[PDB]
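Only one chain comes next, encoded as structure tokens, the form deposited in one PDB entry.
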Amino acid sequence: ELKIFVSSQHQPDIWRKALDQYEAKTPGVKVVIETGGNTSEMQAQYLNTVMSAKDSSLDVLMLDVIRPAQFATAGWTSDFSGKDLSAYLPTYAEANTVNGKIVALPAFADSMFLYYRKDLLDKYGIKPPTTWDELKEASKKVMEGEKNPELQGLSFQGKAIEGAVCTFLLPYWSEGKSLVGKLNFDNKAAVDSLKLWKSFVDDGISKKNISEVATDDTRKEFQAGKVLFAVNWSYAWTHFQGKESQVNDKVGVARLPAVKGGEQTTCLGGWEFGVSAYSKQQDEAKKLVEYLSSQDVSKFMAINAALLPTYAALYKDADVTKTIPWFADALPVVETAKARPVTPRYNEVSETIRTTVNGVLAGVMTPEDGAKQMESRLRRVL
């Protein structure tokens, strides 16, 4: 009788279909979904509480790509002994291996992309922007042409959530800088990043309360036809093309714009399945994770939920690209996407950066003071 922790955000109703396929072929085994918070840091704060207390209730954990160092060092997961991760993208083999131990099996890949209203860019003769400067010029042109009070130029995540860590790093990496064995905090790129996110609000290109916007708020608002440009993850696509959308067939996907004279870098994301060290069904949990991390299930979740695959071959799979054409071009974006710090203290890293991003955008602290505070707090942790 297995229990799997899955975010309300990760389309548990589509995972439920994959569990039904498992139960149909595996007699005597039933799985039940326990849904968690929409955002990764909320899920993490929850799982820390129950893993700390050695709660045996949960069997399989859907964990963020940022979680293996913590969960490995805490002893919260049962390692996949003699497991070979070489069927999967090297980036996810690397994320799920801590001190030589296979901590987890990849569930799905992810990276940030620029979603855009191809109907509005096409109306105004605009190319997908390759720089943030080009994105500001396109936004002002479209907003002034459309005279739609509800149309946002750019939605990005400014809420004090895990996605705001990603937000902070996008311009930092585009400028060619790295955060880390040791912290190498570049003040100029850190301030440039916080100033850039603030500039969209100050220019009216982003709404005044972007500090309140989480991943699925960007998703909901873009889907309701209210956003020209959206920073999001692959899952949003299935929602954009579903039965409750204002933007069916009106959505382009591009790589993120670069900073003035930078690269079109992005943030690595994605999720993996861990088996709780406290599960009393280790054997059946492991067999369930082997199924859910299999190629066929990787393919099903790409087609049915726009979850980017963990297997290189699936990005150009006939049925995958028939369903989502832009997956065919997505592999090199995923394989070159920059990783957030690997550390067991990642909760503290996240808390420092996301609270600094949110405070800058809420007008609590200047971009310069925000960077100053972040460097001091990260110094202590890394």
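One rule holds for the numbers: they count along the sequence shown, beginning at 1.
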Residues of the deposited sequence that sit between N99 and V98 yet are not modelled: none
Per the entry, where is the mean C-alpha temperature factor higher: 322-330 or 23-31? 23-31
Check the entry's C-alpha temperature factors for 240-248 and 155-163, then say which stretch has the higher mean. 240-248
Out of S234, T215, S193, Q282, highest CA B-factor residue: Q282
Looking at the C-alpha B-factor values in the deposited entry, which of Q70, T336, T49, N38 comes out highest? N38
CA B-factor placement of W271, once the chain's modelled residues are sorted into thirds: lowest
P171 by Cα B-factor - lowest, middle or highest third of the modelled chain: lowest
Within this chain's modelled residues, let me know which third the CA B factor of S178 belongs to: lowest, middle or highest. highest
CA B-factor placement of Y115, once the chain's modelled residues are sorted into thirds: lowest
Would you mind checking where the Cα B-factor of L58 ranks among the modelled residues of its chain, as the lowest, middle or highest third? middle
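The same protein also exists as the form deposited in another entry; that form is not shown, yet it is the one meant from here on.
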Pivot point of the rigid parts between the shown form and the other one (hinge, one of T336, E134, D317, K250): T336
So the Cα-Cα distance between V253 and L331 shifts by 3 Å or more in that other deposited form; is it shorter or longer than what we see here? closer
Which is it in that other deposited form for the CA atoms of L331 and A138, closer or farther than here, knowing they shift by 3 Å or more? closer
